[PDB]
Each structure stands twice: as structure tokens, then as C-alpha cells.
Amino acid sequence: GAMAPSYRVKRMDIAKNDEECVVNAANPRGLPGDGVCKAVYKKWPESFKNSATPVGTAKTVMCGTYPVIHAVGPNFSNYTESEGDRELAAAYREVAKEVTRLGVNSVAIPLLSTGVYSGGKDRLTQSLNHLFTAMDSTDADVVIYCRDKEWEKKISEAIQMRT
Ligand SMILES: C[C@H]1CCCCN1C(=O)c1cnccn1
Ligand SMILES: [Cl-]
Ligand SMILES: [Cl-]
């Protein structure tokens, strides 16, 4: 565990993270995909051997000894708001199980279903709150990666609000 488990946010490419493992915003087919998933594929392509897993699940594949937790958020283009909300919360619960099982002291994590799976809606608060619901009972340091300057501020505010 971390001595004083924290949440932090950084605005940069999660492929450059300084944590003991990474969460991929994966597709269910284990394809290279786009956005975070493509960055992860370029940095850790070995981790896509048999990474395919259903929506709402996480499957970890090692790249060397570096764990890549492939977490499949729902595509809100395809799901109802109700069903997509349930699967998004479920994917984060599976991430917390994997982080715990791996025994890491830190994890780099993107906000699932906030990019091309968002159905064109702003889901920062929805996705971040499901992240907190899942990760709050873990003792790993969590570092959230984003790319948008306004999202960095909003994520940082939500972290600081609870301290
Ligand atoms: C998926 C995007 C684009 C479509 C509208 C919804 N949307 C955002 O609000 C957003 C997400 N992530 C970072 C910055 N903005
Ligand atoms: Cl960067
Ligand atoms: Cl996404």
C-alpha cells in the first residue's frame, strides 16, 4: 500500500506515466483502437495478447513485468444512459480488484467512456465519481491522466474538494 494513499491528476499522455501499472481505456476486442488505447498499444503492444474482454470488465496483461489493466467502458452511442452507467461503474470496480490483486502501490488511470465512447456528452463527473467509488477502498496512489486544460482543473477541484 501507499503510506498515505492519494489522488492526483496530470495533464499529459498516460503512456509517459510514473506509476507501477496503467489502466487502458480498452475496446472489447483488444484492438489498437484510438486515443488512450492507441497510445497504450504503441507503448505496450505486448500487452494486447488475448486482452479482449467484455464491456464492464478489466483484464490485465503484462508487458514484461509492467501490468496493463485493459478496462472496457461502455460506448454510450450503443447503451442506454441507465445500462451504460451500470457498465461504467462495473468496469471501475474490476479495475479496483485488479489493482488490489497486483499489489501495486500506484496506478495511472484515464477517465473511462469520456472520449469516443461518451456518446458526445460531457461525462467527467459521472466517470470520475465511478472511479472514486471503486478506488476509495484501495490503498494505491491513483494518478488520473487527462489531456484537456479545463478537465485538469475540474478533476483537481473534485480531488481537493474531498480532502
Ligand atoms: C468527448 C468530447 C467531445 C464531444 C463532447 C463531449 N466531450 C467532452 O466534453 C470532452 C471530453 N474529454 C475532454 C474534453 N472534452
Ligand atoms: Cl504529453
Ligand atoms: Cl472513451
# chains A, B, ... in the order shown; residues from 1 in each chain; ligands from 1
$ residues_near_ligand --ligand "ligand 3" --cutoff "8 Å" --atoms "only C-alpha atoms and all ligand atoms" --output "PyMOL selection string"
chain A and resi 25+35-36+73+75+111-118
$ write_last_selection --atoms "N, CA and C atoms" --output "short mmCIF file (atom, residue, chain, number, x, y, z; two decimals), in the first residue's frame"
data_model
loop_
_atom_site.label_atom_id
_atom_site.label_comp_id
_atom_site.auth_asym_id
_atom_site.auth_seq_id
_atom_site.Cartn_x
_atom_site.Cartn_y
_atom_site.Cartn_z
N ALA A 25 -7.99 2.39 -21.44
CA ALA A 25 -9.39 2.60 -21.87
C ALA A 25 -9.58 1.76 -23.14
N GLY A 35 -7.11 7.18 -29.52
CA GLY A 35 -6.92 7.93 -28.26
C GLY A 35 -6.01 7.22 -27.28
N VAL A 36 -6.41 7.14 -26.01
CA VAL A 36 -5.60 6.47 -24.96
C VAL A 36 -5.22 5.06 -25.43
N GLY A 73 -14.93 0.30 -20.76
CA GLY A 73 -16.10 1.13 -20.51
C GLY A 73 -17.10 0.92 -21.63
N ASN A 75 -19.69 1.99 -24.62
CA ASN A 75 -19.85 3.06 -25.64
C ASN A 75 -21.27 3.59 -25.51
N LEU A 111 -10.02 8.62 -17.51
CA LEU A 111 -11.47 8.59 -17.22
C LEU A 111 -12.17 7.79 -18.31
N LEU A 112 -12.66 6.61 -17.96
CA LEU A 112 -13.32 5.73 -18.93
C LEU A 112 -14.59 6.36 -19.49
N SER A 113 -14.84 6.06 -20.77
CA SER A 113 -16.08 6.42 -21.52
C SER A 113 -16.24 7.93 -21.63
N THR A 114 -15.16 8.71 -21.54
CA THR A 114 -15.24 10.19 -21.66
C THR A 114 -14.84 10.73 -23.03
N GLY A 115 -14.28 9.89 -23.88
CA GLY A 115 -13.79 10.28 -25.22
C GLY A 115 -14.75 9.80 -26.30
N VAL A 116 -14.28 8.95 -27.21
CA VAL A 116 -15.16 8.49 -28.33
C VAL A 116 -16.25 7.52 -27.86
N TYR A 117 -16.24 7.01 -26.61
CA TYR A 117 -17.35 6.23 -26.02
C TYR A 117 -18.35 7.07 -25.22
N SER A 118 -18.22 8.39 -25.25
CA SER A 118 -19.06 9.30 -24.43
C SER A 118 -20.45 9.50 -25.05
#
$ residues_near_ligand --ligand "ligand 2" --cutoff "8 Å" --atoms "only C-alpha atoms and all ligand atoms" --output "PyMOL selection string"
chain A and resi 11-14+16
$ write_last_selection --atoms "C-alpha atoms" --output "mmCIF file, in the first residue's frame"
data_model
loop_
_atom_site.group_PDB
_atom_site.id
_atom_site.type_symbol
_atom_site.label_atom_id
_atom_site.label_comp_id
_atom_site.auth_asym_id
_atom_site.auth_seq_id
_atom_site.Cartn_x
_atom_site.Cartn_y
_atom_site.Cartn_z
ATOM 1 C CA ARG A 11 -2.404 16.627 -17.981
ATOM 2 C CA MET A 12 -0.215 14.520 -20.299
ATOM 3 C CA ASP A 13 -0.031 11.237 -22.216
ATOM 4 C CA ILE A 14 -0.705 8.258 -19.867
ATOM 5 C CA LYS A 16 4.547 8.543 -20.165
#
$ select_by_dssp --residues "segment 1-162 of chain A" --states "strand (DSSP E or B)" --output "PyMOL selection string"
chain A and resi 7-11+22-25+58-63+66-71+106-110+141-146
$ closest_residue --among "A:103, A:119, A:30, A:45" --to "residue 74 of chain A" --atoms "only C-alpha atoms"
A:119
$ select_by_dssp --residues "segment 79-132 of chain A" --states "helix (DSSP H, G or I)" --output "MDAnalysis selection string"
chainID A and resid 81:102 124:132
$ residues_around --residues "residue 153 of chain A" --least-positions-apart "6" --cutoff "12 Å" --atoms "only C-alpha atoms" --output "VMD selection string"
chain A and resid 8 to 11 124 146 to 147 159 to 161
$ write_last_selection --atoms "N, CA, C and O atoms" --output "PDB file, in the first residue's frame"
ATOM      1  N   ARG A   8      -4.200  12.156  -7.485  1.00  0.00           N
ATOM      2  CA  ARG A   8      -3.583  13.285  -8.190  1.00  0.00           C
ATOM      3  C   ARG A   8      -4.077  13.266  -9.631  1.00  0.00           C
ATOM      4  O   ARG A   8      -4.603  12.215 -10.061  1.00  0.00           O
ATOM      5  N   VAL A   9      -3.933  14.400 -10.312  1.00  0.00           N
ATOM      6  CA  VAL A   9      -4.253  14.460 -11.747  1.00  0.00           C
ATOM      7  C   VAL A   9      -3.110  15.125 -12.484  1.00  0.00           C
ATOM      8  O   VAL A   9      -2.507  16.082 -11.966  1.00  0.00           O
ATOM      9  N   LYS A  10      -2.778  14.573 -13.649  1.00  0.00           N
ATOM     10  CA  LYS A  10      -1.774  15.157 -14.547  1.00  0.00           C
ATOM     11  C   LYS A  10      -2.343  15.257 -15.947  1.00  0.00           C
ATOM     12  O   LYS A  10      -3.182  14.420 -16.361  1.00  0.00           O
ATOM     13  N   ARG A  11      -1.987  16.350 -16.607  1.00  0.00           N
ATOM     14  CA  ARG A  11      -2.404  16.627 -17.981  1.00  0.00           C
ATOM     15  C   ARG A  11      -1.246  16.274 -18.904  1.00  0.00           C
ATOM     16  O   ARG A  11      -0.380  17.104 -19.163  1.00  0.00           O
ATOM     17  N   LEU A 124     -17.283  13.795 -17.505  1.00  0.00           N
ATOM     18  CA  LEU A 124     -16.204  13.958 -16.480  1.00  0.00           C
ATOM     19  C   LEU A 124     -16.740  13.557 -15.118  1.00  0.00           C
ATOM     20  O   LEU A 124     -16.155  12.684 -14.444  1.00  0.00           O
ATOM     21  N   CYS A 146      -5.363  13.112 -17.992  1.00  0.00           N
ATOM     22  CA  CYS A 146      -6.299  13.796 -18.894  1.00  0.00           C
ATOM     23  C   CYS A 146      -5.487  14.593 -19.907  1.00  0.00           C
ATOM     24  O   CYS A 146      -4.255  14.688 -19.762  1.00  0.00           O
ATOM     25  N   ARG A 147      -6.135  15.139 -20.932  1.00  0.00           N
ATOM     26  CA  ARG A 147      -5.410  15.953 -21.940  1.00  0.00           C
ATOM     27  C   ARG A 147      -5.900  17.406 -22.030  1.00  0.00           C
ATOM     28  O   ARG A 147      -5.143  18.280 -22.532  1.00  0.00           O
ATOM     29  N   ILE A 159     -10.883  16.468  -6.637  1.00  0.00           N
ATOM     30  CA  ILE A 159      -9.972  15.753  -5.693  1.00  0.00           C
ATOM     31  C   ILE A 159      -9.876  16.588  -4.407  1.00  0.00           C
ATOM     32  O   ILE A 159     -10.155  16.033  -3.339  1.00  0.00           O
ATOM     33  N   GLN A 160      -9.547  17.869  -4.554  1.00  0.00           N
ATOM     34  CA  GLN A 160      -9.204  18.764  -3.413  1.00  0.00           C
ATOM     35  C   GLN A 160     -10.447  18.922  -2.535  1.00  0.00           C
ATOM     36  O   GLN A 160     -10.280  18.927  -1.287  1.00  0.00           O
ATOM     37  N   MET A 161     -11.628  18.956  -3.160  1.00  0.00           N
ATOM     38  CA  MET A 161     -12.945  19.149  -2.502  1.00  0.00           C
ATOM     39  C   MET A 161     -13.102  18.120  -1.387  1.00  0.00           C
ATOM     40  O   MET A 161     -13.682  18.462  -0.372  1.00  0.00           O
TER      41      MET A 161
END
$ closest_residue --among "A:93, A:43, A:149, A:130" --to "ligand 1" --atoms "only C-alpha atoms and all ligand atoms"
A:149
$ atom_distance --atom1 "atom CA of residue 120 of chain A" --atom2 "atom CA of residue 155 of chain A"
19.1 Å
$ closest_residue --among "A:83, A:138, A:123, A:50" --to "residue 105 of chain A" --atoms "only C-alpha atoms"
A:138
$ decode --residues "segment 122-133 of chain A" --atoms "N, CA and C atoms" --output "compact mmCIF listing (two decimals), in the first residue's frame"
# COMPACT_ATOMS: atom_id res chain seq x y z
N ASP A 122 -20.54 15.24 -22.07
CA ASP A 122 -19.51 15.50 -21.04
C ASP A 122 -19.83 14.56 -19.90
N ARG A 123 -18.93 13.60 -19.65
CA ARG A 123 -19.14 12.58 -18.60
C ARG A 123 -18.00 12.67 -17.59
N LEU A 124 -17.28 13.80 -17.51
CA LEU A 124 -16.20 13.96 -16.48
C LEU A 124 -16.74 13.56 -15.12
N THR A 125 -17.76 14.24 -14.60
CA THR A 125 -18.23 13.99 -13.23
C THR A 125 -18.73 12.55 -13.08
N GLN A 126 -19.47 12.03 -14.06
CA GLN A 126 -20.04 10.67 -13.99
C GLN A 126 -18.89 9.65 -13.87
N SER A 127 -17.91 9.80 -14.74
CA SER A 127 -16.82 8.81 -14.84
C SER A 127 -15.93 8.95 -13.60
N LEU A 128 -15.59 10.18 -13.21
CA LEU A 128 -14.68 10.39 -12.07
C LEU A 128 -15.33 9.87 -10.79
N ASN A 129 -16.63 10.08 -10.62
CA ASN A 129 -17.31 9.62 -9.39
C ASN A 129 -17.33 8.09 -9.35
N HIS A 130 -17.49 7.43 -10.49
CA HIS A 130 -17.42 5.95 -10.50
C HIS A 130 -15.99 5.51 -10.20
N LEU A 131 -15.01 6.27 -10.64
CA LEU A 131 -13.59 5.98 -10.33
C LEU A 131 -13.41 6.06 -8.81
N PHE A 132 -13.89 7.13 -8.21
CA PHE A 132 -13.74 7.30 -6.74
C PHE A 132 -14.51 6.19 -6.02
N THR A 133 -15.71 5.82 -6.49
CA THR A 133 -16.50 4.79 -5.79
C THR A 133 -15.68 3.50 -5.71
